[PDB]
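Given as structure tokens, the chain that follows is alone and in the form solved without ligand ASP.
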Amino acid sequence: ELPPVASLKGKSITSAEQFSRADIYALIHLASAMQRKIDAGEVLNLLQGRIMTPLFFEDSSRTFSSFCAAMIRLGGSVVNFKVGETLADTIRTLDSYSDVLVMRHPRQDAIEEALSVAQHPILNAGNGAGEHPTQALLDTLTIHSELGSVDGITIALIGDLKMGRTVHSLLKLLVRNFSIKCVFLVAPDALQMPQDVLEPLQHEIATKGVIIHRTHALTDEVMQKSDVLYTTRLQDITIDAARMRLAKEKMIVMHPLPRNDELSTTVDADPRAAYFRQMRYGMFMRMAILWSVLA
């Protein structure tokens, strides 16, 4: 079966904060059941005659495609709305004809604006520097499916943690819902994990017990102890073939993409390079989210 996760039915998907551990577990397992079927040649007509509409004020072919492909693989349909008309006027236009909106916008508070006037679910595909929860959830699914489990892991977050909307959402989702041992906040000092992200996290950091061992650049303590390396762009941070020596045998590298120098192509064929497999997990997590919300 592919029963939907009941608690998302009709819900908007704005923040990682809204997802309980039972929620995550269920989506992780719906996504896998789905992968099992798609990989087996099965066709899913779960969402026929239902329409998703992207509302991408900023371009991103990968995020766009992944949502589309996911909707299509559930039998659903896609109608692009290329984007001065006010945001609300657009939101009401999409509500005319679609069942679910998917919005990517450069201002953080554009999301809260839209939800005030929206009659159908809005899925947040990302907003300025705040969040990007379907990424956080797809990243967790990657880890669950690559390493066996997410409980007890050590995780490194490389790159500018200030602007990177993937690292915030992930940091919240993981700490709040799992038993994370350590978290290497690796970046330049100026471009680090903001105070407002780290502050609401402080209850769980204590009672679970969670080492936030920061670092200016990629130390060997990181490479040695990390089960997951989650690097990002910024446009002694590079992960290359040389440095990968120091990694354990059961670990993975991740990157949401796109990339620059900070992750060498010299790592691509390494079986612990999970950054490409991560995108396919993405399609499957979004199929699980789309079915759950629109069921």
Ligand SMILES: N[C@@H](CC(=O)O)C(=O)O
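From 1 onward, residues are counted along the sequence shown.
Unshown form deposited with ligand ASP bound; subsequent notes refer to it.
Inset, instruction - Mind telling me which stretch in 46-54, 33-41, 249-257, 265-273 gets its heavy atoms within 4.5 Å of ligand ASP in the entry with it bound? - result: It is 249-257 that comes within 4.5 Å of the partner.
Inset, instruction - Although ligand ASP is absent from this view, report whether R243 comes within 4.5 Å of it in the entry with it bound, heavy atoms only. - result: Output for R243 is no: heavy atoms all beyond 4.5 Å of ligand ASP.
Legend entry - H132, heavy atom within 4.5 angstroms of ligand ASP in the entry with it bound: Within the cut-off, so yes.
Inset, instruction - Spell out, yes or no, whether the shortest heavy atom distance between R165 and ligand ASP in the entry with it bound is within 4.5 Å. - result: Answer yes; at least one heavy atom of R165 falls within 4.5 Å of ligand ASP in the entry with it bound.
Legend entry - Contact flag, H120 vs ligand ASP in the entry with it bound, heavy atom cut 4.5 Å: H120: no, not in contact with ligand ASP in the entry with it bound.
Legend entry - Residue (of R104, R73, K172, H144) lying close to ligand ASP in the entry with it bound, criterion heavy atoms within 4.5 Å: The residue in contact is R104.
Inset, instruction - Could you list which residues of 219-246 come within 4.5 Å of ligand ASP in the entry with it bound, counting heavy atoms only? - result: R233, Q235 sit within 4.5 Å of the partner.
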